[PDB]
Amino acid sequence: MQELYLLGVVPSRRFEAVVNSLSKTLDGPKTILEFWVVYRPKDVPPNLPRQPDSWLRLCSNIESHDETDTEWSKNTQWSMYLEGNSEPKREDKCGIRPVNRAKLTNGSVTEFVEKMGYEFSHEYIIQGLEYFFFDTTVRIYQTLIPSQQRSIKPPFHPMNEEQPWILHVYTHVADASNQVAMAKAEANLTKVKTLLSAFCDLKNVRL
Amino acid sequence: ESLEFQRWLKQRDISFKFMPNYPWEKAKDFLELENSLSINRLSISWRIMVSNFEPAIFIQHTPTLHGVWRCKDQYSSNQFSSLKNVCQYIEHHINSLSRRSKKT
Amino acid sequence: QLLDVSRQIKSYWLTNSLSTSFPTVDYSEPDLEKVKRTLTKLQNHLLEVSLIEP
Amino acid sequence: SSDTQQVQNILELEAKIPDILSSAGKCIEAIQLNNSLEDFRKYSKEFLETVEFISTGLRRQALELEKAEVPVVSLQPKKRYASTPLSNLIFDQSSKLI
């Protein structure tokens, strides 16, 4: 699933004012709440895929879940991601990263990645806002570090609580082989960039 | 349609029961009527009655708008196109069910 | 010309987005139940309802 | 000042300029007619103030507009559908529509 996307910081001081320029003119607001575990497959031998994407990323959406409820860890919905990296020579252009959007259904959940033996690594939580445009959507970011490993209880740990709002327009291509959704969605979201340009400056970043 | 059924049996005064269970009966807020007008399947059982000791040929009926007349007796359940099919089926009763009851 | 630029600056101060949806008339909340009577009864019109039954 | 208030400040600043022309015609009148140096000696200490102080008030209205940082581009609205007051008020009508 070839996601196409950009990046642009929004200071919190101007944030909700931007939201007024957003949500009134868009779908949402939708608060995000999803507990990550970016497990790292420490493996042998080199050359390992070793890339950040190559490390596994179980993705437990929990936005409707209680901040203290205990059934979460393997009952609330989970996911998983390796994802391809965004395209080389994708200068200023929206990054194109193919994505394996995994889903799952059992009381066992996390276990299989350790059934694959994969080690624990860094963790966080998408917690920003998202505003629809059909299949395309913008996803402004908040990624607080959780207060404890496998603990859903706030306060969490942004690198600064003067947290940047990493605004992030995107779309998700089914397959990259055709030129259609390429130029089409790039155009639509470039126009979305024209919309944000009335209040922000997004950019590509290498991935 | 249900009126056509009811008028059909007003023709002969057989006991029967329209049985609504509408979504729009419910509305905990004004936004639940928004979900109360969905095209989803809607049960409306009927209870034709002249037989005494024996239980009614209870009916399943969910006239979904798209994407709806299946009764059941002590024998077998059966989808019907027209309500007229139900009518004539209970005519197969008005003869043969009467005869089979006579043989019991 | 200064009147022109002034009117411009007026527009720039005022071209800012409204902070939210703004108040108008939300007065007198509608009945939940007359709505239900219209729905049901006008749809229940000429029908032999047998209440709810167990 | 907030919202319209800056603009309102300009609105009552509006009449503050035309009479400066009275002060200036009198600046001419000081020697053209009144024949007294003292008059324009005062109004050169007035005309420049009445003009420039307003000009500074304007340039600061603009620079502090540039601090307030109101976006210039008009957003192209999505086809908006229903704001909440519109919706529930329509519901009120629906009660009236009963």
# chains A, B, ... in the order shown; residues from 1 in each chain; ligands from 1
call {"tool": "residues_around", "arguments": {"residues": "residue D:40", "least_positions_apart": "4", "cutoff": "12 Å", "atoms": "only C-alpha atoms", "output": "PyMOL selection string"}}
result
chain D and resi 23-36+44-48
call {"tool": "residues_around", "arguments": {"residues": "residue B:43", "least_positions_apart": "5", "cutoff": "7 Å", "atoms": "only C-alpha atoms", "output": "list in words"}}
result
residues 60, 61 and 62 of chain B
call {"tool": "write_last_selection", "arguments": {"atoms": "N, CA, C and O atoms", "output": "mmCIF file, in the first residue's frame"}}
result
data_model
loop_
_atom_site.group_PDB
_atom_site.id
_atom_site.type_symbol
_atom_site.label_atom_id
_atom_site.label_comp_id
_atom_site.auth_asym_id
_atom_site.auth_seq_id
_atom_site.Cartn_x
_atom_site.Cartn_y
_atom_site.Cartn_z
ATOM 1 N N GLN B 60 -41.968 -16.074 9.312
ATOM 2 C CA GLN B 60 -40.883 -15.114 9.228
ATOM 3 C C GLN B 60 -41.111 -14.210 8.016
ATOM 4 O O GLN B 60 -41.463 -14.688 6.938
ATOM 5 N N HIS B 61 -40.919 -12.905 8.202
ATOM 6 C CA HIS B 61 -41.093 -11.925 7.127
ATOM 7 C C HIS B 61 -40.224 -10.690 7.318
ATOM 8 O O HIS B 61 -40.504 -9.848 8.167
ATOM 9 N N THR B 62 -39.188 -10.572 6.497
ATOM 10 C CA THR B 62 -38.274 -9.440 6.570
ATOM 11 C C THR B 62 -38.142 -8.786 5.206
ATOM 12 O O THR B 62 -37.179 -9.031 4.483
#
call {"tool": "interface_residues", "arguments": {"of": "chain D", "to": "chain C", "cutoff": "7 Å", "atoms": "only C-alpha atoms", "output": "ChimeraX atom specification"}}
result
/D:3-4,7,62,65,70-72,83,85,88-89,91-92,95,98
call {"tool": "write_last_selection", "arguments": {"atoms": "N, CA and C atoms", "output": "PDB file, in the first residue's frame"}}
result
ATOM      1  N   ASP D   3     -10.404  41.477  16.976  1.00  0.00           N
ATOM      2  CA  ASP D   3     -11.446  41.315  15.965  1.00  0.00           C
ATOM      3  C   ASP D   3     -11.562  42.559  15.091  1.00  0.00           C
ATOM      4  N   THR D   4     -12.703  43.233  15.189  1.00  0.00           N
ATOM      5  CA  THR D   4     -12.952  44.436  14.408  1.00  0.00           C
ATOM      6  C   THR D   4     -12.269  45.666  14.993  1.00  0.00           C
ATOM      7  N   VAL D   7      -9.700  47.531  13.156  1.00  0.00           N
ATOM      8  CA  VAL D   7     -10.376  48.124  12.023  1.00  0.00           C
ATOM      9  C   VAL D   7     -11.229  49.289  12.489  1.00  0.00           C
ATOM     10  N   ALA D  62      -0.542  47.763  10.778  1.00  0.00           N
ATOM     11  CA  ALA D  62      -0.159  46.797   9.762  1.00  0.00           C
ATOM     12  C   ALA D  62       0.910  45.842  10.266  1.00  0.00           C
ATOM     13  N   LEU D  65      -0.647  43.809  12.630  1.00  0.00           N
ATOM     14  CA  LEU D  65      -1.435  42.849  11.867  1.00  0.00           C
ATOM     15  C   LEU D  65      -0.522  41.711  11.451  1.00  0.00           C
ATOM     16  N   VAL D  70      -2.829  37.163  10.570  1.00  0.00           N
ATOM     17  CA  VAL D  70      -4.000  36.663   9.874  1.00  0.00           C
ATOM     18  C   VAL D  70      -3.633  36.219   8.465  1.00  0.00           C
ATOM     19  N   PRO D  71      -4.014  34.989   8.095  1.00  0.00           N
ATOM     20  CA  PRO D  71      -3.721  34.484   6.752  1.00  0.00           C
ATOM     21  C   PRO D  71      -4.400  35.319   5.671  1.00  0.00           C
ATOM     22  N   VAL D  72      -3.724  35.511   4.542  1.00  0.00           N
ATOM     23  CA  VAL D  72      -4.276  36.323   3.463  1.00  0.00           C
ATOM     24  C   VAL D  72      -5.116  35.494   2.499  1.00  0.00           C
ATOM     25  N   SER D  83     -23.809  22.825   9.949  1.00  0.00           N
ATOM     26  CA  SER D  83     -23.299  23.183  11.265  1.00  0.00           C
ATOM     27  C   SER D  83     -24.328  22.747  12.292  1.00  0.00           C
ATOM     28  N   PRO D  85     -25.769  24.317  14.931  1.00  0.00           N
ATOM     29  CA  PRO D  85     -26.965  25.142  15.131  1.00  0.00           C
ATOM     30  C   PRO D  85     -27.968  24.996  13.990  1.00  0.00           C
ATOM     31  N   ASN D  88     -29.830  21.343  14.580  1.00  0.00           N
ATOM     32  CA  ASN D  88     -30.822  21.276  15.638  1.00  0.00           C
ATOM     33  C   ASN D  88     -31.921  22.313  15.439  1.00  0.00           C
ATOM     34  N   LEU D  89     -31.601  23.446  14.817  1.00  0.00           N
ATOM     35  CA  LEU D  89     -32.660  24.407  14.518  1.00  0.00           C
ATOM     36  C   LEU D  89     -33.611  23.840  13.474  1.00  0.00           C
ATOM     37  N   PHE D  91     -34.228  20.809  13.341  1.00  0.00           N
ATOM     38  CA  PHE D  91     -35.018  19.914  14.166  1.00  0.00           C
ATOM     39  C   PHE D  91     -36.143  20.670  14.866  1.00  0.00           C
ATOM     40  N   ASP D  92     -35.874  21.916  15.244  1.00  0.00           N
ATOM     41  CA  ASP D  92     -36.884  22.737  15.896  1.00  0.00           C
ATOM     42  C   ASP D  92     -37.999  22.995  14.904  1.00  0.00           C
ATOM     43  N   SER D  95     -40.138  20.075  14.685  1.00  0.00           N
ATOM     44  CA  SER D  95     -41.172  20.120  15.706  1.00  0.00           C
ATOM     45  C   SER D  95     -42.303  20.998  15.220  1.00  0.00           C
ATOM     46  N   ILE D  98     -44.281  19.220  12.774  1.00  0.00           N
ATOM     47  CA  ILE D  98     -45.199  18.211  13.279  1.00  0.00           C
ATOM     48  C   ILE D  98     -46.625  18.744  13.255  1.00  0.00           C
TER      49      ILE D  98
END
call {"tool": "residues_around", "arguments": {"residues": "stretch 45-54 of chain B", "least_positions_apart": "3", "cutoff": "6 Å", "atoms": "only C-alpha atoms", "output": "ChimeraX atom specification"}}
result
/B:14-19,58-61
call {"tool": "write_last_selection", "arguments": {"atoms": "C-alpha atoms", "output": "PDB file, in the first residue's frame"}}
result
ATOM      1  CA  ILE B  14     -59.455 -15.480   9.865  1.00  0.00           C
ATOM      2  CA  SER B  15     -57.482 -14.337  12.911  1.00  0.00           C
ATOM      3  CA  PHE B  16     -54.009 -12.957  12.119  1.00  0.00           C
ATOM      4  CA  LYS B  17     -51.484 -10.598  13.714  1.00  0.00           C
ATOM      5  CA  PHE B  18     -49.437  -7.769  12.245  1.00  0.00           C
ATOM      6  CA  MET B  19     -46.351  -7.505  14.444  1.00  0.00           C
ATOM      7  CA  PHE B  58     -45.699 -18.922  12.606  1.00  0.00           C
ATOM      8  CA  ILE B  59     -44.209 -16.754   9.911  1.00  0.00           C
ATOM      9  CA  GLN B  60     -40.883 -15.114   9.228  1.00  0.00           C
ATOM     10  CA  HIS B  61     -41.093 -11.925   7.127  1.00  0.00           C
TER      11      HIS B  61
END
call {"tool": "closest_residue", "arguments": {"among": "A:43, A:3, A:27, A:34", "to": "chain D", "atoms": "only C-alpha atoms"}}
result
A:27
call {"tool": "closest_atom_pairs", "arguments": {"of": "chain D", "to": "chain A", "cutoff": "12 Å", "atoms": "only C-alpha atoms", "output": "JSON lines"}}
result
{"residue": "D:68", "atom": "CA", "partner": "A:14", "partner_atom": "CA", "distance": 10.8}
{"residue": "D:69", "atom": "CA", "partner": "A:199", "partner_atom": "CA", "distance": 9.6}
{"residue": "D:70", "atom": "CA", "partner": "A:199", "partner_atom": "CA", "distance": 9.0}
{"residue": "D:71", "atom": "CA", "partner": "A:198", "partner_atom": "CA", "distance": 6.1}
{"residue": "D:72", "atom": "CA", "partner": "A:198", "partner_atom": "CA", "distance": 7.1}
{"residue": "D:73", "atom": "CA", "partner": "A:198", "partner_atom": "CA", "distance": 5.3}
{"residue": "D:74", "atom": "CA", "partner": "A:198", "partner_atom": "CA", "distance": 7.3}
{"residue": "D:75", "atom": "CA", "partner": "A:195", "partner_atom": "CA", "distance": 6.4}
{"residue": "D:76", "atom": "CA", "partner": "A:195", "partner_atom": "CA", "distance": 7.4}
{"residue": "D:77", "atom": "CA", "partner": "A:25", "partner_atom": "CA", "distance": 5.5}
{"residue": "D:78", "atom": "CA", "partner": "A:25", "partner_atom": "CA", "distance": 5.3}
{"residue": "D:79", "atom": "CA", "partner": "A:25", "partner_atom": "CA", "distance": 8.1}
{"residue": "D:80", "atom": "CA", "partner": "A:25", "partner_atom": "CA", "distance": 7.1}
{"residue": "D:81", "atom": "CA", "partner": "A:25", "partner_atom": "CA", "distance": 10.1}
{"residue": "D:82", "atom": "CA", "partner": "A:24", "partner_atom": "CA", "distance": 10.4}
{"residue": "D:83", "atom": "CA", "partner": "A:24", "partner_atom": "CA", "distance": 8.9}
{"residue": "D:84", "atom": "CA", "partner": "A:24", "partner_atom": "CA", "distance": 11.4}
call {"tool": "residues_around", "arguments": {"residues": "residue B:89", "least_positions_apart": "2", "cutoff": "12 Å", "atoms": "only C-alpha atoms", "output": "PyMOL selection string"}}
result
chain B and resi 48+57+69-73+77-87+91-97
call {"tool": "residues_around", "arguments": {"residues": "residue C:43", "least_positions_apart": "4", "cutoff": "12 Å", "atoms": "only C-alpha atoms", "output": "VMD selection string"}}
result
(chain B and resid 2 to 3 20 22 24 to 25) or (chain C and resid 35 to 39 47 to 49)
call {"tool": "write_last_selection", "arguments": {"atoms": "C-alpha atoms", "output": "mmCIF file, in the first residue's frame"}}
result
data_model
loop_
_atom_site.group_PDB
_atom_site.id
_atom_site.type_symbol
_atom_site.label_atom_id
_atom_site.label_comp_id
_atom_site.auth_asym_id
_atom_site.auth_seq_id
_atom_site.Cartn_x
_atom_site.Cartn_y
_atom_site.Cartn_z
ATOM 1 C CA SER B 2 -49.365 -5.613 4.895
ATOM 2 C CA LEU B 3 -52.601 -3.787 4.209
ATOM 3 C CA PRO B 20 -44.247 -4.315 14.005
ATOM 4 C CA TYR B 22 -39.711 -0.612 14.206
ATOM 5 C CA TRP B 24 -38.155 4.406 14.742
ATOM 6 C CA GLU B 25 -39.964 3.208 17.836
ATOM 7 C CA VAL C 35 -41.935 12.886 16.010
ATOM 8 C CA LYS C 36 -42.314 9.279 17.065
ATOM 9 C CA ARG C 37 -46.093 9.504 16.852
ATOM 10 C CA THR C 38 -45.884 10.909 13.359
ATOM 11 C CA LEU C 39 -43.433 8.211 12.300
ATOM 12 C CA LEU C 47 -52.643 -1.614 10.648
ATOM 13 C CA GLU C 48 -53.638 -4.374 13.087
ATOM 14 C CA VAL C 49 -50.764 -4.016 15.542
#
